[PDB]
Amino acid sequence: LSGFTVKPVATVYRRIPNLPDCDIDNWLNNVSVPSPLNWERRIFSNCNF
Amino acid sequence: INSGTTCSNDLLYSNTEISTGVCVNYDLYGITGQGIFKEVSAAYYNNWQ
Amino acid sequence: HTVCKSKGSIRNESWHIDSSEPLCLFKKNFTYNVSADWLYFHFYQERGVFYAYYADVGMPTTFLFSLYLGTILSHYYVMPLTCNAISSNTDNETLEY
Ligand SMILES: *[C@@H]1O[C@H](CO)[C@@H](O)[C@H](O)[C@H]1NC(C)=O
């Protein structure tokens, strides 16, 4: 006879990110604070956050 | 929205800890299956492996 | 075209012009031994996925990445190296690809 073949519920997923991080925290924690008149902008693309 | 390449990371791959000892499903590194995890100390792996 | 860093020509490297950063699928830097002798590279596509292999020293070749594109590439080319130290009056050194 066939026994108890109950399948578990947990799942493990590990994969290479293949893309570098955006490093938004490194830019938001800069030692230099731009003035409200300058408001230097930043563009982030092709990165993970 | 729902396009481009800058996707998120906390959607479903929360990087769960290795629950060694019990049977769990493997869906990591593009390989599907099931198995039990153990803990060893290997040294034959390389940077590209 | 592409220019050389050391002993550059009177020209500038200009092969693409873009006013904004386009969407890319893979971007990562690699390091190798500066004192190498011969480098080997492998490229091939199959079932819609493309592979890349690099080696700086030794007989075998290491792994780089495996990209998915869904298309079939057909052409490949090697940009010329415009420089000034690859002449006969300069040090004896040629370009081989
Ligand atoms: C790769 O190197 C170039 C030149 O130094 C640099 O501009 C770029 O940010 C580097 N990319 C990574 C992901 O390190």
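No value in this document is a laboratory result; all are computed from the given coordinates. Positions of Cβ are generated from backbone atoms using ideal geometry, with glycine treated the same way; all protein chains shown enter the neighbour counts.
Does C:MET59 satisfy being over 23 Å from A:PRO20 (Cβ atoms), away from the ligand (no atom under 16 Å from the Cβ), more than 14 Å from every other protein chain (Cβ to nearest Cβ) and touching a residue at least 60 places away in the same chain (Cβ under 8 Å)? In short, no.
Could we say that C:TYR44 is within 17 Å of B:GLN49 (Cβ to Cβ) and either within 13 Å of another protein chain (Cβ to nearest Cβ) or loosely packed, with under 11 Cβ neighbours inside 10 Å (or both) here? For C:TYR44, the condition - within 17 Å of B:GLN49 (Cβ to Cβ) and either within 13 Å of another protein chain (Cβ to nearest Cβ) or loosely packed, with under 11 Cβ neighbours inside 10 Å (or both) - is not met.
Residue count for region C:27-53 under the criterion of being more than 15 Å from the chain's Cα centre (by Cα), farther than 25 Å from C:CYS83 by Cα and either within 16 Å of the ligand (Cβ to nearest atom) or acidic (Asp, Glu) (or both): the result is 1.
Inspect region A:13-20 for any residue being over 12 Å from the mean Cα position of the chain (by Cα), in a strand (DSSP E or B) and surrounded by 12 or more Cβ atoms within 10 Å (Cβ to Cβ) and give the result as yes or no. No: zero hits. Looking across region B:18-48, just one residue is more than 28 Å from C:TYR53 (Cβ to Cβ), facing chain A (nearest Cβ under 9 Å) and either touching a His at 6+ places or on another chain (Cβ under 8 Å) or exposed (fewer than 10 other Cβ atoms within 10 Å of the Cβ) (or both), and that is B:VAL22. Just one of the listed residues (C:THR2, C:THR82) is surrounded by 10 or more Cβ atoms within 10 Å (Cβ to Cβ), away from the ligand (no atom under 16 Å from the Cβ), β-branched (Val, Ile, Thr) and under 16 Å from the mean Cα position of the chain (by Cα), namely C:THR82. Of all residues in region A:25-44, one or more are under 30 Å from B:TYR29 (Cα atoms), away from the ligand (no atom under 16 Å from the Cβ) and either out of contact with any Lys or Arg (no Cβ under 6 Å at 6 or more places or on another chain) or charged (D, E, K, R) (or both).
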